[PDB]
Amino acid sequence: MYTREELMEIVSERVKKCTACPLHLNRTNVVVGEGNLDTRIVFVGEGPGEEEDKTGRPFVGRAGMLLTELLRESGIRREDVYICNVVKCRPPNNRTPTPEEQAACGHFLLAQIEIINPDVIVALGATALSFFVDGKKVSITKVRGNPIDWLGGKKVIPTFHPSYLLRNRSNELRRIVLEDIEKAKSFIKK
């Protein structure tokens, strides 16, 4: 009938045609998401930066290369998981997407999670976290590392966005994010 791959391609073609928010006027390429459609763990960030926009691929700039290393140090190959964002189009000057933009784009993310049907989601940063708590503004610093019970018994573990760890190179902060990723892994089923 229809495979996960075909469903994801339908999402991708709809994203490419999307003009539901002002971000479509700014982006060079939409950035849908990448990796393993049978992952039990999905990583979700905010939205594309410059290198993402140029390539159509998520987490390929500086924050993304850091993410690759966090995953490696957590025993995870990027190819084996799925990585995406709340918004699909790069905002002008890489500004934070507005709540209205996040709301317009969010149905695509919900569709990607429905297709993959993971056990656990790692929400990287405040925008991603907001998505999984009905759009509420909530401090990542205050709630990071605490699992959230989301739809269908899926667990969401919020942590810092890798951008933050670009600016603050402390070992303690890195160890905290690695502990959050390991807590995420512990919710993947047998």
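Counting begins at 1, following the sequence as shown.
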Taking the mean of the C-alpha B-factors per stretch from the entry, tell me the winner out of 102-110 and 116-124. 102-110
Given 125-133 and 37-45, the range whose Cα B-factors average higher in the PDB entry: 125-133
Candidate residues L67, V30, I157, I140, the one whose C-alpha B factor the record puts highest: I140
When the CA B-factors of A20, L178, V11, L166 are compared as recorded in the entry, which is the largest? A20
Ranked C-alpha temperature factor of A184 among modelled chain residues, by third: middle
Cα B factor band for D80 (lowest, middle or highest third within the chain): lowest
For the chain shown, is the CA B-factor of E50 in the lowest, middle or highest third of its modelled residues? highest
